[PDB]
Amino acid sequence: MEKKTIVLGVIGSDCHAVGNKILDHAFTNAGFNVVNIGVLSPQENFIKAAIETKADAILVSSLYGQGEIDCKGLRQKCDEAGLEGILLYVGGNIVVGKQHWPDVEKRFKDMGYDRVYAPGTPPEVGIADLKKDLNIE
């Protein structure tokens, strides 16, 4: 695959790190340049990294459930930072509790996320979606 740069982090007050490690491993092996800002990252850290590294996509991981709060407004800030049209992915365990997935996906897409991933999403799904979206299959 042709090289592209993504930003990868865990948003908000969320300290889960194992998935962040696997995702970095997986997206690196797939040929991506992963700018991994790590856990406990506010929205600004994603945007600052996206700017400095000219990222093609921001992968927001959110495991602890409060991402439904933390994730609101990221797109607007990306627009205001001059990152219009940047890819925004969100996955992990992004709402509190088991919920009806079509409702969750619409909730986060309406926040401005391009793709929304359910619990237990294999990184390979994200990699394939990103290749498609960046048209580098």
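Numbering starts at 1 and follows the sequence shown.
Trainee: Out of 116-124 and 9-17, which one has CA B-factors that are higher on average in the deposited record?
Mentor: Looking at the record's C-alpha B-factors, the answer is 116-124.
Trainee: If you take the mean CA temperature factor per stretch, which one wins between 79-87 and 36-44?
Mentor: The recorded data point to 79-87.
Trainee: Report the option among 96, 58, 69, 49 whose CA atom has the maximum B-factor in the deposited record.
Mentor: Among 96, 58, 69, 49, the PDB entry lists the largest C-alpha B-factor for 49.
Trainee: Comparing residue 28 with the other modelled residues of its chain, is its CA B-factor in the lowest, middle or highest third?
Mentor: Within its chain, residue 28 is a middle-third residue by C-alpha B-factor, going by the deposited values.
Trainee: Relative to the other modelled residues in the chain, which third contains the C-alpha temperature factor of residue 74: lowest, middle or highest?
Mentor: Its C-alpha B-factor, which the entry lists for residue 74, ranks in the highest third among residues of this chain.
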